[PDB]
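Next comes just one chain, in structure tokens: the form deposited in one PDB entry.
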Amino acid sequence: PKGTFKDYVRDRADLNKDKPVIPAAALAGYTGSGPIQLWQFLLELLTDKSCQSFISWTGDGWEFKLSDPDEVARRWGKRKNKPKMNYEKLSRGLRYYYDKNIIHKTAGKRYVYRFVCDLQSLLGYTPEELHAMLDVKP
């Protein structure tokens, strides 16, 4: 392409990309879920500094917000090779996690959710630790 592959990688690194704390494929392998799942993908985006403009931790425990839900849906589609992925499907996926108690929606607010499963024990990180590593303001 333009410059060398080395340039490409350096440019991505400079933009804080390709180094999520919790890579979805890695978490899928660890949990043995086979295919990558939406909740694991959201976790990767939330621990990827380059993604903070469209999805981020609110600073309240495991609560997060979708600043650009369409972008989130777009990336999800690309990751699962489903070009037809959209916000309608993304929201349906999120509602599915309600009864599964993986993700709950924050009442009286919009596009704000919270992981309600025990991620601290599963992941080995506290909300504080993760927020420091990602330099989250709140």
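Between two forms, the rigid core is the largest collection of C-alphas that superpose within 1.5 Å. The first residue of the sequence shown is number 1, and the count goes up from there. Shifts are known only where both forms have a C-alpha.
Colleague: Of 124 to 132 and 111 to 119, which one has the bigger average CA B-factor?
Modeller: Per the PDB record, 124 to 132.
Colleague: Read off the CA B-factors in the entry, average them over 76 to 84 and over 89 to 97, and name the higher stretch.
Modeller: Comparing 76 to 84 with 89 to 97, the higher mean C-alpha B-factor belongs to 76 to 84.
Colleague: Split the chain's modelled residues into thirds by Cα B-factor; is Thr31 in the lowest, middle or highest one?
Modeller: As the PDB entry reports it, the C-alpha B-factor of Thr31 lands in the highest third of its chain.
Colleague: Using the B-factors in the PDB entry, rank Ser56's C-alpha atom against the chain and give the third, lowest, middle or highest.
Modeller: Lowest third, going by the recorded CA B-factors of the chain.
Colleague: Among the modelled residues of its chain, does the C-alpha B-factor of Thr106 lie in the lowest, middle or highest third?
Modeller: As the PDB entry reports it, the C-alpha B-factor of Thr106 lands in the highest third of its chain.
Not pictured, yet referred to below: the form solved in complex with a partner chain.
Colleague: If the criterion is a non-hydrogen atom within 4.5 angstroms, does every one of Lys109, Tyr113 and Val136 touch its partner chain in the deposited bound form?
Modeller: No: none of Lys109, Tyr113 and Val136 comes within 4.5 Å of its partner chain in the deposited bound form.
Colleague: Is there a heavy atom of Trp62 lying 4.5 Å or less from a heavy atom of its partner chain in the deposited bound form?
Modeller: Outside the cut-off, so no.
Colleague: Even though the partner isn't displayed, in the deposited bound form is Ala13 close enough to its partner chain, meaning a heavy atom within 4.5 Å?
Modeller: Judged by the heavy-atom cut-off of 4.5 Å, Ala13 is well away from its partner chain in the deposited bound form.
Colleague: Can any non-hydrogen atom of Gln37 be found within 4.5 angstroms of its partner chain in the deposited bound form?
Modeller: It does: once its partner chain is placed as it appears in the deposited bound form, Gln37 has a heavy atom within 4.5 Å of it.
Colleague: Taking its partner chain as it sits in the deposited bound form, is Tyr97 in contact with it (heavy atom to heavy atom, 4.5 Å or less)?
Modeller: Output for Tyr97 is yes: heavy atoms within 4.5 Å of its partner chain.
Colleague: Of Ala25, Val9, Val21, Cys117, only one moves its C-alpha by 2 angstroms or more between this form and the one not shown once the rigid core is aligned, so tell me which.
Modeller: With the rigid core superposed, the residue that stands out is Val9.
Colleague: After superposition on the rigid core, which segments of 3 or more consecutive residues show C-alpha displacements of 2 Å or more between this form and the one not shown?
Modeller: After core superposition, the one displaced run is 3 to 16.
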